[PDB]
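Here's model26.cif, which has mmCIF, C-alpha atoms (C1' of nucleotides):
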```cif
data_work
loop_
_atom_site.label_atom_id
_atom_site.label_comp_id
_atom_site.auth_asym_id
_atom_site.auth_seq_id
_atom_site.Cartn_x
_atom_site.Cartn_y
_atom_site.Cartn_z
CA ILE A 579 -5.01 5.73 2.42
CA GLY A 580 -3.18 2.93 4.22
CA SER A 581 -2.31 0.65 1.29
CA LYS A 582 0.29 2.98 -0.21
CA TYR A 583 2.50 3.14 2.90
CA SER A 584 4.63 0.63 4.80
CA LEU A 585 3.71 -2.51 6.73
CA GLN A 586 3.88 -0.91 10.19
CA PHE A 587 1.49 1.89 9.18
CA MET A 588 -0.89 -0.76 7.87
CA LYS A 589 -0.64 -2.83 11.08
CA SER A 590 -1.42 0.30 13.08
CA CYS A 591 -4.43 0.80 10.78
CA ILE A 592 -5.51 -2.75 11.71
CA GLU A 593 -5.16 -2.19 15.44
CA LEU A 594 -6.72 1.29 15.41
CA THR A 595 -9.76 0.21 13.35
CA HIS A 596 -10.20 -2.88 15.54
CA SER A 597 -10.09 -0.67 18.65
CA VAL A 598 -12.54 1.82 17.09
CA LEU A 599 -15.06 -0.88 16.20
CA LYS A 600 -14.64 -2.61 19.57
CA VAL A 601 -15.21 0.59 21.55
CA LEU A 602 -18.12 1.64 19.31
CA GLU A 603 -19.88 -1.75 19.31
CA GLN A 604 -20.33 -1.40 23.08
CA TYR A 605 -22.81 1.44 22.43
CA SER A 606 -24.97 -0.41 19.88
CA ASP A 607 -27.79 -1.07 22.35
CA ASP A 608 -27.02 1.55 25.02
CA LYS A 609 -27.53 4.28 22.33
CA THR A 610 -25.46 6.86 24.28
CA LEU A 611 -23.77 8.42 21.25
CA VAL A 612 -24.17 12.16 21.82
CA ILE A 613 -21.24 13.81 20.02
CA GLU A 614 -20.15 17.40 19.42
CA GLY A 615 -20.44 17.90 15.68
CA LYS A 616 -19.45 20.64 13.28
CA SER A 617 -22.46 22.59 12.02
CA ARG A 618 -22.11 24.05 8.54
CA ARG A 619 -24.96 26.45 7.72
CA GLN A 620 -26.83 28.83 10.05
CA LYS A 621 -27.41 27.55 13.59
CA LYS A 622 -28.28 30.95 15.06
CA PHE A 623 -31.07 31.08 17.65
CA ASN A 624 -32.75 34.07 19.29
CA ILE A 625 -32.05 33.47 22.97
CA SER A 626 -34.67 33.78 25.72
CA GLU A 627 -33.49 35.10 29.08
CA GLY A 628 -36.40 33.43 30.86
CA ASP A 629 -35.13 30.11 29.48
CA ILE A 630 -31.63 31.20 30.53
CA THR A 631 -32.73 31.98 34.10
CA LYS A 632 -34.67 28.74 34.49
CA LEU A 633 -31.59 26.84 33.30
CA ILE A 634 -29.66 28.87 35.91
CA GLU A 635 -32.12 27.52 38.48
CA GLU A 636 -31.82 24.01 36.99
CA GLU A 637 -28.08 23.27 36.74
CA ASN A 638 -26.71 26.08 39.02
CA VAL A 639 -24.83 28.03 36.37
CA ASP A 640 -23.83 31.61 35.52
CA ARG A 641 -25.54 32.87 32.39
CA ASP A 642 -22.36 33.52 30.39
CA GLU A 643 -21.34 29.88 30.61
CA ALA A 644 -25.04 29.03 30.27
CA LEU A 645 -24.93 30.87 26.93
CA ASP A 646 -21.87 28.71 26.21
CA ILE A 647 -23.91 25.60 27.15
CA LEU A 648 -26.86 26.83 25.04
CA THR A 649 -24.57 27.24 22.04
CA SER A 650 -22.85 23.87 22.60
CA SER A 651 -26.19 22.06 22.87
CA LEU A 652 -27.05 23.16 19.32
CA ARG A 653 -24.07 21.41 17.71
CA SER A 654 -24.74 18.15 19.59
CA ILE A 655 -25.66 15.30 17.22
CA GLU A 656 -26.03 11.52 17.36
CA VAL A 657 -24.18 8.95 15.25
CA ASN A 658 -25.38 5.52 14.13
CA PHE A 659 -23.01 2.59 14.62
CA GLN A 660 -24.44 0.89 11.52
CA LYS A 661 -23.52 4.09 9.67
CA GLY B 332 15.21 -25.10 25.73
CA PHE B 333 11.42 -25.52 25.89
CA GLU B 334 10.87 -22.72 23.37
CA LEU B 335 13.88 -24.01 21.40
CA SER B 336 12.34 -27.49 21.13
CA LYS B 337 9.06 -25.98 19.94
CA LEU B 338 10.95 -23.88 17.36
CA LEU B 339 12.74 -26.99 16.07
CA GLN B 340 9.38 -28.81 15.84
CA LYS B 341 7.98 -25.91 13.79
CA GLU B 342 11.12 -25.92 11.62
CA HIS B 343 10.81 -29.70 11.20
CA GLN B 344 7.19 -29.41 10.04
CA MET B 345 8.07 -26.60 7.61
CA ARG B 346 11.09 -28.58 6.34
CA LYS B 347 8.84 -31.62 5.80
CA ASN B 348 6.40 -29.46 3.82
CA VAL B 349 9.34 -28.11 1.80
CA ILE B 350 10.82 -31.55 1.03
CA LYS B 351 7.40 -32.74 -0.08
CA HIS B 352 8.03 -30.53 -3.14
CA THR B 353 11.67 -31.62 -3.44
CA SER B 354 12.44 -34.28 -6.06
CA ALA B 355 13.47 -37.67 -4.70
CA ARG B 356 16.02 -38.25 -7.47
CA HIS B 357 18.89 -35.98 -8.51
CA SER B 358 18.82 -32.86 -10.67
CA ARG B 359 19.92 -34.40 -13.99
CA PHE B 360 17.22 -37.11 -13.75
CA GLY B 361 15.12 -35.56 -16.50
CA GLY B 362 11.35 -35.82 -16.35
CA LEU B 363 9.18 -34.09 -18.97
CA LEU B 364 5.40 -33.83 -18.55
CA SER B 365 2.88 -32.66 -21.15
CA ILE B 366 -0.31 -31.28 -19.59
CA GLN B 367 -3.46 -30.56 -21.60
CA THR B 368 -6.37 -28.25 -20.93
CA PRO B 369 -9.78 -29.56 -22.13
CA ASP B 370 -9.11 -27.16 -24.95
CA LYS B 371 -6.64 -29.46 -26.67
CA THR B 372 -3.07 -28.20 -26.25
CA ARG B 373 0.33 -29.45 -25.08
CA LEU B 374 2.29 -27.65 -22.36
CA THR B 375 5.65 -29.08 -21.29
CA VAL B 376 7.09 -28.86 -17.77
CA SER B 377 10.37 -30.34 -16.49
CA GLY B 378 10.37 -32.04 -13.11
CA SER B 379 10.00 -35.24 -11.11
CA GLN B 380 7.68 -34.17 -8.28
CA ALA B 381 5.54 -32.25 -10.81
CA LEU B 382 4.95 -35.52 -12.72
CA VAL B 383 2.28 -36.82 -10.35
CA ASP B 384 0.34 -33.86 -8.93
CA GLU B 385 -1.22 -31.07 -10.99
CA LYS B 386 -0.69 -28.21 -8.51
CA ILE B 387 3.12 -28.45 -8.37
CA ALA B 388 3.17 -28.59 -12.19
CA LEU B 389 1.01 -25.47 -12.46
CA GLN B 390 3.18 -23.73 -9.86
CA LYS B 391 6.17 -24.60 -12.07
CA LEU B 392 4.38 -23.17 -15.11
CA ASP B 393 3.68 -19.98 -13.15
CA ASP B 394 7.27 -19.84 -11.84
CA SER B 395 8.94 -20.53 -15.20
CA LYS B 396 8.09 -17.04 -16.48
CA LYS B 397 10.85 -14.42 -16.27
CA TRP B 398 8.67 -11.30 -16.64
CA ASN B 399 7.90 -9.52 -13.37
CA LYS B 400 5.44 -6.66 -12.96
CA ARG B 401 6.59 -3.32 -11.56
CA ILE B 402 5.93 -2.88 -7.84
CA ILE B 403 6.36 0.79 -6.95
CA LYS B 404 8.03 1.59 -3.63
CA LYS B 405 7.66 4.52 -1.23
CA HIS B 406 11.53 4.34 -0.87
CA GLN B 407 11.20 4.79 2.95
CA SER B 408 11.20 8.59 3.18
CA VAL B 409 10.97 8.45 7.01
CA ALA B 410 14.75 7.98 7.14
CA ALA B 411 15.20 11.31 5.32
CA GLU B 412 13.90 13.13 8.39
CA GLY B 413 16.10 13.24 11.46
CA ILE C 167 31.75 4.95 27.28
CA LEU C 168 29.78 1.82 28.19
CA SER C 169 32.80 -0.52 28.31
CA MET C 170 35.50 1.43 30.18
CA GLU C 171 35.49 -0.42 33.55
CA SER C 172 31.70 -0.81 33.22
CA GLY C 173 31.06 2.90 32.67
CA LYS C 174 32.49 4.87 35.58
CA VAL C 175 31.86 8.06 33.56
CA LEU C 176 28.15 7.54 34.29
CA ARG C 177 29.01 7.71 38.00
CA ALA C 178 31.08 10.83 37.27
CA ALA C 179 28.10 12.43 35.50
CA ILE C 180 25.70 11.65 38.33
CA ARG C 181 28.29 13.03 40.79
CA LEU C 182 28.36 16.26 38.78
CA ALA C 183 24.56 16.24 39.01
CA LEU C 184 24.46 15.70 42.80
CA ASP C 185 26.90 18.58 43.16
CA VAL C 186 23.95 20.66 41.94
CA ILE C 187 21.32 18.63 43.84
CA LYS C 188 22.94 19.12 47.28
CA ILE C 189 22.28 22.87 47.00
CA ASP C 190 18.85 24.02 48.17
CA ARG C 191 16.13 24.86 45.65
CA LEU C 192 16.17 28.58 46.48
CA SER C 193 19.97 28.84 46.33
CA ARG C 194 20.33 27.07 42.95
CA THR C 195 21.38 29.39 40.14
CA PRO C 196 20.01 28.64 36.64
CA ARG C 197 23.54 27.60 35.62
CA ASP C 198 23.31 24.70 38.09
CA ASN C 199 20.00 23.57 36.59
CA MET C 200 21.66 23.90 33.18
CA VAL C 201 24.37 21.55 34.50
CA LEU C 202 21.55 19.16 35.46
CA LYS C 203 20.23 19.47 31.89
CA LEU C 204 23.79 18.73 30.69
CA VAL C 205 23.87 15.48 32.70
CA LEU C 206 20.42 14.39 31.47
CA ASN C 207 21.44 15.25 27.90
CA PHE C 208 24.61 13.15 28.35
CA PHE C 209 22.50 10.17 29.37
CA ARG C 210 20.23 10.70 26.35
CA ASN C 211 23.34 10.76 24.13
CA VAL C 212 24.61 7.52 25.68
CA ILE C 213 21.26 5.79 25.13
CA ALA C 214 20.41 7.37 21.78
CA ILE C 215 23.48 6.35 19.75
CA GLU C 216 22.47 3.69 17.21
CA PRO C 217 24.18 2.21 14.13
CA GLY C 218 23.92 4.33 11.01
CA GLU C 219 22.16 3.64 7.74
CA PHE C 220 23.71 2.55 4.45
CA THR C 221 23.12 5.18 1.76
CA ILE C 222 23.74 4.41 -1.91
CA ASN C 223 23.86 6.54 -5.05
CA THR C 224 21.06 5.64 -7.46
CA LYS C 225 22.06 7.81 -10.43
CA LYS C 226 24.01 4.97 -12.02
CA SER C 227 22.30 1.66 -12.70
CA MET C 228 22.66 -1.13 -10.17
CA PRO C 229 25.12 -3.74 -11.51
CA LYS C 230 24.76 -7.51 -11.60
CA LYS C 231 26.70 -7.89 -8.33
CA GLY C 232 24.26 -5.70 -6.41
CA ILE C 233 24.39 -4.87 -2.72
CA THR C 234 26.85 -7.18 -0.97
CA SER C 235 26.43 -5.78 2.57
CA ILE C 236 24.72 -2.99 4.49
CA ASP C 237 26.99 -3.27 7.53
CA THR C 238 27.92 0.14 8.96
CA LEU C 239 30.10 -0.95 11.85
CA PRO C 240 33.57 0.07 13.06
CA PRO C 241 36.26 -2.69 13.42
CA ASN C 242 36.31 -3.21 17.19
CA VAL C 243 32.61 -2.38 17.62
CA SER C 244 30.10 -5.23 17.45
CA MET C 245 26.32 -5.26 17.65
CA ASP C 246 26.46 -6.56 21.23
CA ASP C 247 28.32 -3.49 22.55
CA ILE C 248 25.78 -1.10 21.02
CA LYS D 324 5.89 5.08 45.82
CA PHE D 325 7.90 8.27 46.29
CA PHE D 326 11.68 8.07 45.86
CA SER D 327 13.65 10.36 48.17
CA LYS D 328 16.74 12.23 47.00
CA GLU D 329 18.41 11.98 50.43
CA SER D 330 17.92 8.21 50.23
CA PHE D 331 19.72 8.26 46.87
CA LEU D 332 22.60 10.28 48.37
CA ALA D 333 22.77 7.84 51.30
CA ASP D 334 22.73 4.83 48.96
CA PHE D 335 25.39 6.47 46.77
CA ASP D 336 27.67 7.05 49.76
CA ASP D 337 27.01 3.60 51.24
CA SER D 338 27.68 1.79 47.96
CA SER D 339 30.79 3.94 47.69
CA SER D 340 31.76 2.61 51.13
CA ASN D 341 31.22 -1.13 50.64
CA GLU D 342 29.25 -1.67 47.35
CA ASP D 343 27.81 -4.98 48.74
CA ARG E 46 13.40 3.70 -34.71
CA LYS E 47 10.02 2.34 -33.64
CA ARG E 48 10.44 -1.41 -34.12
CA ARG E 49 7.75 -3.04 -31.96
CA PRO E 50 5.37 -2.17 -29.13
CA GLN E 51 5.52 -4.52 -26.18
CA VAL E 52 2.15 -6.20 -25.75
CA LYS E 53 -0.14 -5.53 -22.81
CA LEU E 54 -3.65 -6.61 -21.84
CA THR E 55 -5.92 -4.67 -24.21
CA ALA E 56 -9.61 -4.21 -24.99
CA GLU E 57 -9.44 -6.32 -28.16
CA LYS E 58 -7.79 -9.12 -26.18
CA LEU E 59 -10.63 -9.54 -23.67
CA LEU E 60 -13.29 -9.35 -26.40
CA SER E 61 -11.86 -12.22 -28.46
CA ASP E 62 -13.28 -15.74 -28.62
CA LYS E 63 -10.48 -16.79 -26.26
CA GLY E 64 -11.24 -14.49 -23.35
CA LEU E 65 -14.29 -13.49 -21.32
CA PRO E 66 -16.72 -15.22 -23.76
CA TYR E 67 -14.68 -18.36 -22.99
CA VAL E 68 -15.38 -17.66 -19.30
CA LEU E 69 -19.13 -17.29 -19.90
CA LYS E 70 -19.12 -20.44 -22.05
CA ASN E 71 -17.13 -22.78 -19.80
CA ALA E 72 -16.72 -21.44 -16.25
CA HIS E 73 -19.97 -22.92 -14.92
CA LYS E 74 -19.04 -26.24 -16.54
CA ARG E 75 -15.47 -26.27 -15.20
CA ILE E 76 -15.80 -24.78 -11.70
CA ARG E 77 -17.18 -27.17 -9.07
CA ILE E 78 -17.38 -26.12 -5.41
CA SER E 79 -18.27 -29.02 -3.10
CA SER E 80 -18.67 -29.20 0.67
CA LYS E 81 -17.16 -32.70 0.76
CA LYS E 82 -13.81 -31.37 -0.45
CA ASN E 83 -11.74 -29.32 1.95
CA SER E 84 -11.15 -25.61 1.40
CA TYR E 85 -7.64 -26.01 -0.04
CA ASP E 86 -8.89 -28.25 -2.87
CA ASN E 87 -11.88 -25.96 -3.52
CA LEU E 88 -9.72 -22.82 -3.65
CA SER E 89 -7.14 -24.56 -5.86
CA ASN E 90 -9.91 -25.65 -8.22
CA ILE E 91 -11.02 -22.00 -8.37
CA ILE E 92 -7.44 -20.93 -9.17
CA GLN E 93 -6.75 -23.74 -11.69
CA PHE E 94 -9.31 -22.90 -14.41
CA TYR E 95 -8.48 -19.19 -14.25
CA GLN E 96 -4.75 -19.99 -14.38
CA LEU E 97 -5.19 -22.09 -17.52
CA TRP E 98 -7.34 -19.29 -18.98
CA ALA E 99 -4.59 -16.78 -18.12
CA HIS E 100 -1.89 -18.98 -19.66
CA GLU E 101 -3.99 -19.24 -22.81
CA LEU E 102 -4.84 -15.52 -22.90
CA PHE E 103 -1.76 -13.59 -21.71
CA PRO E 104 1.13 -15.99 -21.04
CA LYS E 105 3.76 -13.24 -20.66
CA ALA E 106 2.71 -12.27 -17.13
CA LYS E 107 2.60 -14.26 -13.91
CA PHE E 108 -0.81 -15.01 -12.46
CA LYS E 109 -0.81 -12.49 -9.60
CA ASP E 110 0.57 -9.95 -12.07
CA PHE E 111 -2.21 -11.03 -14.44
CA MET E 112 -4.80 -10.24 -11.77
CA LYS E 113 -3.13 -6.86 -11.15
CA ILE E 114 -3.22 -5.94 -14.85
CA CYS E 115 -6.85 -7.09 -15.03
CA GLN E 116 -7.58 -4.70 -12.13
CA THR E 117 -5.79 -1.89 -14.00
CA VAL E 118 -7.61 -2.59 -17.28
CA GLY E 119 -10.96 -2.87 -15.48
CA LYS E 120 -10.33 0.52 -13.90
CA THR E 121 -9.18 1.98 -17.24
CA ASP E 122 -10.82 0.62 -20.43
CA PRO E 123 -14.39 1.83 -21.16
CA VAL E 124 -15.19 -0.89 -23.72
CA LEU E 125 -14.62 -3.47 -20.98
CA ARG E 126 -16.93 -1.47 -18.69
CA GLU E 127 -19.79 -1.38 -21.20
CA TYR E 128 -19.27 -5.09 -21.88
CA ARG E 129 -19.46 -5.72 -18.12
CA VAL E 130 -22.70 -3.74 -17.82
CA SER E 131 -24.00 -5.50 -20.96
CA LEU E 132 -23.54 -8.91 -19.34
CA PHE E 133 -25.50 -7.82 -16.25
CA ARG E 134 -28.22 -6.15 -18.34
CA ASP E 135 -28.58 -9.22 -20.57
CA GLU E 136 -28.97 -11.51 -17.57
CA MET E 137 -31.49 -9.29 -15.77
CA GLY E 138 -33.48 -8.91 -19.00
CA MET E 139 -34.14 -12.65 -18.94
"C1'" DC F 1 41.37 -12.83 -37.73
"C1'" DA F 2 35.36 -13.01 -36.12
"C1'" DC F 3 32.63 -14.89 -32.66
"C1'" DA F 4 30.63 -15.13 -28.51
"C1'" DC F 5 30.75 -13.06 -23.42
"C1'" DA F 6 30.13 -9.37 -20.60
"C1'" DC F 7 29.61 -3.90 -19.40
"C1'" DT F 8 27.31 0.19 -20.09
"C1'" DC F 9 23.51 3.10 -21.56
"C1'" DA F 10 19.69 7.45 -24.53
"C1'" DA F 11 15.08 6.61 -25.25
"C1'" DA F 12 10.25 4.36 -24.85
"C1'" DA F 13 6.52 3.40 -22.50
"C1'" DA F 14 3.83 0.78 -18.66
"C1'" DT F 15 2.73 2.22 -14.15
"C1'" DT F 16 1.16 5.09 -10.74
"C1'" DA F 17 0.18 9.07 -8.14
"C1'" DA F 18 -1.91 13.54 -8.67
"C1'" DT F 19 -5.70 16.82 -10.33
"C1'" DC F 20 -9.93 18.47 -11.77
"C1'" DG F 21 -14.95 17.10 -13.44
"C1'" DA F 22 -19.42 14.96 -13.46
"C1'" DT F 23 -22.93 12.91 -10.89
"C1'" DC F 24 -25.38 11.49 -6.84
"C1'" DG F 25 -26.68 11.84 -1.82
"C1'" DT F 26 -28.11 14.96 1.49
"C1'" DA F 27 -29.46 18.98 4.51
"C1'" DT F 28 -31.94 23.19 4.45
"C1'" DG F 29 -35.02 27.00 2.87
"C1'" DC F 30 -39.69 27.94 1.17
"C1'" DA F 31 -44.74 27.45 -0.11
"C1'" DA F 32 -49.05 25.57 1.13
"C1'" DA F 33 -52.22 23.89 4.21
"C1'" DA F 34 -54.43 20.65 7.83
"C1'" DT F 35 -55.28 21.02 12.57
"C1'" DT F 36 -56.25 23.37 16.96
"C1'" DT F 37 -57.96 27.04 19.65
"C1'" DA F 38 -60.36 31.41 20.52
"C1'" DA F 39 -64.46 34.70 20.15
"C1'" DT G 1 -70.27 28.34 13.99
"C1'" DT G 2 -66.17 30.66 11.70
"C1'" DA G 3 -61.57 33.05 11.47
"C1'" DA G 4 -56.54 33.37 12.86
"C1'" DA G 5 -52.13 31.05 14.85
"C1'" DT G 6 -49.19 27.22 14.42
"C1'" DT G 7 -46.49 23.31 13.13
"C1'" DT G 8 -46.03 19.72 9.71
"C1'" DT G 9 -45.11 17.97 5.14
"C1'" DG G 10 -44.03 18.09 0.27
"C1'" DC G 11 -40.87 20.02 -2.95
"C1'" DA G 12 -37.05 22.66 -5.02
"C1'" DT G 13 -32.34 23.56 -4.64
"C1'" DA G 14 -27.46 24.24 -3.61
"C1'" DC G 15 -23.39 22.14 -1.62
"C1'" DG G 16 -20.28 18.41 -0.33
"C1'" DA G 17 -18.73 13.20 -1.17
"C1'" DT G 18 -17.05 10.19 -4.09
"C1'" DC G 19 -15.74 7.71 -8.26
"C1'" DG G 20 -13.97 8.53 -12.75
"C1'" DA G 21 -11.43 10.57 -16.77
"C1'" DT G 22 -7.18 12.42 -17.88
"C1'" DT G 23 -2.36 13.35 -17.56
"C1'" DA G 24 2.45 14.24 -16.18
"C1'" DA G 25 6.53 12.27 -13.70
"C1'" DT G 26 9.56 8.25 -13.30
"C1'" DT G 27 12.13 4.75 -13.40
"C1'" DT G 28 12.83 0.22 -15.03
"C1'" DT G 29 13.74 -1.94 -18.92
"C1'" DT G 30 15.55 -2.46 -23.70
"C1'" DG G 31 17.98 -4.98 -25.89
"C1'" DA G 32 21.44 -1.71 -28.72
"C1'" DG G 33 25.83 -0.59 -28.93
"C1'" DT G 34 30.42 -1.41 -27.57
"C1'" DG G 35 34.87 -3.23 -25.16
"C1'" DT G 36 37.26 -7.55 -24.92
"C1'" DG G 37 39.11 -12.81 -24.32
"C1'" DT G 38 40.17 -16.63 -27.05
"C1'" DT G 39 44.42 -22.83 -29.94
"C1'" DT G 40 47.34 -25.15 -26.33
"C1'" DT G 41 50.68 -26.95 -24.58
"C1'" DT G 42 52.66 -32.76 -24.54
"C1'" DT G 43 54.87 -36.81 -24.17
"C1'" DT G 44 59.59 -37.96 -25.94
"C1'" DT G 45 64.51 -37.93 -25.94
"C1'" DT G 46 69.37 -36.57 -23.81
"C1'" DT G 47 72.42 -35.99 -20.29
"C1'" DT G 48 73.80 -35.79 -15.89
"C1'" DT G 49 74.12 -37.74 -11.32
"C1'" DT G 50 73.64 -41.03 -7.78
"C1'" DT G 51 72.63 -45.61 -6.73
#
```

Output the structure of this file as structure tokens.
Amino acid sequence: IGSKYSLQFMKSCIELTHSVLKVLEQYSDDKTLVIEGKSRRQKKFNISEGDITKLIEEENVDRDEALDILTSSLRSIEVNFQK
Amino acid sequence: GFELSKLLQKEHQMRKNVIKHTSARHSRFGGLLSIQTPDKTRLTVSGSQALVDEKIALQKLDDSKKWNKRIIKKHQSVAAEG
Amino acid sequence: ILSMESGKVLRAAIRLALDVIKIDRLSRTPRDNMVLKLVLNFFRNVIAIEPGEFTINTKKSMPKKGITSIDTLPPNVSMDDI
Amino acid sequence: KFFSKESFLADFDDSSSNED
Amino acid sequence: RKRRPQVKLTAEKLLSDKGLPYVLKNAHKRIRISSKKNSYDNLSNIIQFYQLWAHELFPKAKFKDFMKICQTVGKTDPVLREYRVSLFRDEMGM
DNA sequence: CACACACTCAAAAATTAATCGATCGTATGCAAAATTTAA
DNA sequence: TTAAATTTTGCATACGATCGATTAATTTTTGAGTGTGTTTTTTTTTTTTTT
């Protein structure tokens, strides 16, 4: 949508896209591209409190925020830089 | 003065490239050139520098037209806001 | 403001601010902090004043003379003072 | 690099006195 | 009083003998890209044949304006689109 | 006296941005079943 | 040796992404219509005043 607007908007499009590709080409081989994504259809999971308690033993967490971590792990995705 | 001397050198190079296109003779010194495509036709241009090189003559033939396309403008609506 | 004996009103405004500042933090009424906001707002008015924009009426067609100037300056005021 | 307010009052009064 | 329509780049204009069939007939003969020439001469030789073709086809518009109206007509006219797919289909058939 | 020179202007239509519509790419639910493990 | 649990894979399907077809504003042009400026001064001769 940049081409309709003024020259300064388009120059900022240049500098922003150059910065985006420069900061994302650093992770082409390192592969560390875990990203919180928006899930669309059902992502509901029947929780297991044994799994919850062993995660409590693992990362030293209360189970309410461990339920928060368990929910937030389900929306985590990975992006491809070629994509 | 260092940056000024570099700016005058840049202006001198651009002025030299401009006066490459400028005719050596005066304005009333009339020179007419008929160019042909390999499809046989006659197109007339008026100039002295355009006599020798094809590109200046074709730039004249592009610039001799008086019809300009519409270029729509956003009208700079940012100034409407405070 | 900027030209009257190199802006002594700026020193007057900061003196009105340090009238507030000399009082302790617990003894300062909110009116004194509003006076501080008044001084900071005065400095933002001094900085923020810029030359205006040239607005034209586009209902009528633009004549052959066109826009001759977009200068929006007072007589004694130049671009260096602003 | 903290700037003190009492230093600004002292500099204000001193530059009122002689202005250098 | 309707006296005249002002002419624009149309579907019948591209499908004439003087048009895109002229391009298919003579573009490979006229265009020469050589590594010995510098890039300015190569690019100007690319522009020159298309500029003469534009000044034979639609002389009312300037050449950048001619490329803009070709972009508009290529986005708009469906006869030009089926001609453009017909060229590709005819060359992949052989 | 009419003949160019310049000023002004309702309508026409190219241009262009906006608004659905068709088609394709994709993620997810479902049916079957090949494999592994137990008695 | 044979039956049940399980996870994988193929397939159908619905939903979003994206280009395309259409269409309504718009604003520049579009010459069409109309108001108006125009020949053009020119030495030549007389008479007077000072030189």

Practice prompt. Name the residues that the PyMOL selection byres ((chain E and resi 107-122) around 6) picks from the file above, as a list in words, using the file's chain letters and numbers.
Written response: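 Selected by the PyMOL selection byres ((chain E and resi 107-122) around 6) here: residues 393 and 400 of chain B; 106, 123, 124 and 125 of chain E.
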
Discussion item. For a quick check of your reading of the model, name the residues lying within 9 Å of the coordinate (7.4, -32.7, -10.5), counting all atoms listed in the file, and write them as a list in words.
Written reply: residues 352, 353, 354, 362, 363, 364, 376, 377, 378, 379, 380, 381, 382, 383, 384, 385, 387, 388 and 391 of chain B

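Reported to one decimal place, the separation of CA of residue 206 in chain C from CA of residue 176 in chain C is 10.7 Å.
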
Excluding range 6-9 of chain F and its own-chain neighbours fewer than 6 positions away, which residues fall within 10 Å of it when counting only C-alpha atoms (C1' of nucleotides)? Please give them as a PDB file with C-alpha atoms (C1' of nucleotides), in the coordinates of the input.
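Contents of around-v2.pdb, as written:
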```
ATOM      1  CA  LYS C 226      24.010   4.970 -12.020  1.00  0.00           C
ATOM      2  CA  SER C 227      22.300   1.660 -12.700  1.00  0.00           C
ATOM      3  CA  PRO C 229      25.120  -3.740 -11.510  1.00  0.00           C
ATOM      4  CA  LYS C 230      24.760  -7.510 -11.600  1.00  0.00           C
TER       5      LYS C 230
ATOM      6  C1'  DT G  30      15.550  -2.460 -23.700  1.00  0.00           C
ATOM      7  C1'  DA G  32      21.440  -1.710 -28.720  1.00  0.00           C
ATOM      8  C1'  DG G  33      25.830  -0.590 -28.930  1.00  0.00           C
ATOM      9  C1'  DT G  34      30.420  -1.410 -27.570  1.00  0.00           C
ATOM     10  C1'  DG G  35      34.870  -3.230 -25.160  1.00  0.00           C
ATOM     11  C1'  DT G  36      37.260  -7.550 -24.920  1.00  0.00           C
TER      12       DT G  36
END
```

Item to complete: Would you kindly translate the PyMOL selection byres ((chain F) within 10 of (chain B)) into the concrete residues it picks from this file, as number ranges by chain?
Response: F: 14-16

Discussion item. If the PyMOL selection byres ((chain A and resi 613-627) around 12) were run on this exact file, what residues would it hold? Put them as number ranges by chain.
Written reply: A: 609-612, 628-634, 641-642, 644-658; F: 27-29; G: 14-16

Item to complete: Write out as an MDAnalysis selection string the residues lying within 12 Å of range 32-39 of chain F, counting all atoms listed in the file and excluding same-chain residues fewer than 4 positions away.
Response: chainID G and resid 1:11

Taking all atoms listed in the file into account, which residues of chain B are within 9 Å of chain A, as a PDB file with C-alpha atoms, keeping the file's coordinate frame?
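Okay, this is what ended up in out_39.pdb:
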```pdb
ATOM      1  CA  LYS B 404       8.030   1.590  -3.630  1.00  0.00           C
ATOM      2  CA  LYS B 405       7.660   4.520  -1.230  1.00  0.00           C
ATOM      3  CA  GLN B 407      11.200   4.790   2.950  1.00  0.00           C
TER       4      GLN B 407
END
```

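Distance-wise, CA of residue 77 in chain E and CA of residue 58 in chain E end up 26.6 Å apart.
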
Given only C-alpha atoms (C1' of nucleotides), how would the per-residue table for chain G near chain E read, listing every residue at most 12 Å away with its closest atom pair and distance in Å to one decimal, sorted by chain and number, as a Markdown table?
```
| residue | atom | partner | partner_atom | distance |
| --- | --- | --- | --- | --- |
| G:19 | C1' | E:120 | CA | 10.6 |
| G:20 | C1' | E:120 | CA | 8.9 |
| G:21 | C1' | E:121 | CA | 8.9 |
| G:22 | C1' | E:121 | CA | 10.6 |
| G:29 | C1' | E:51 | CA | 11.3 |
| G:30 | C1' | E:51 | CA | 10.5 |
| G:31 | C1' | E:48 | CA | 11.7 |
| G:32 | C1' | E:46 | CA | 11.4 |
```

Item to complete: Mind giving me the straight-line distance from CA of residue 346 in chain B to CA of residue 394 in chain B in Å, one decimal?
Response: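 These atoms are spaced 20.5 Å apart.
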
Fill in: Distance filter 12 Å, all atoms listed in the file, chain G against chain B, as number ranges by chain
G: 26-29

Okay, now the selection with C-alpha atoms (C1' of nucleotides), as a short mmCIF file (atom, residue, chain, number, x, y, z; two decimals), keeping the file's coordinate frame?
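again29.cif, written as the output of this step:
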```cif
data_model
loop_
_atom_site.label_atom_id
_atom_site.label_comp_id
_atom_site.auth_asym_id
_atom_site.auth_seq_id
_atom_site.Cartn_x
_atom_site.Cartn_y
_atom_site.Cartn_z
"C1'" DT G 26 9.56 8.25 -13.30
"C1'" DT G 27 12.13 4.75 -13.40
"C1'" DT G 28 12.83 0.22 -15.03
"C1'" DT G 29 13.74 -1.94 -18.92
#
```

Practice prompt. Kindly provide, as JSON, numbers by chain, the residues of chain E having any atom no farther than 12 Å from an atom of chain B, counting all atoms listed in the file.
Written response: {"E": [53, 63, 67, 71, 74, 75, 85, 86, 88, 89, 90, 92, 93, 94, 95, 96, 97, 98, 99, 100, 101, 103, 104, 105, 106, 107, 108, 109, 110, 111, 112, 113, 114]}
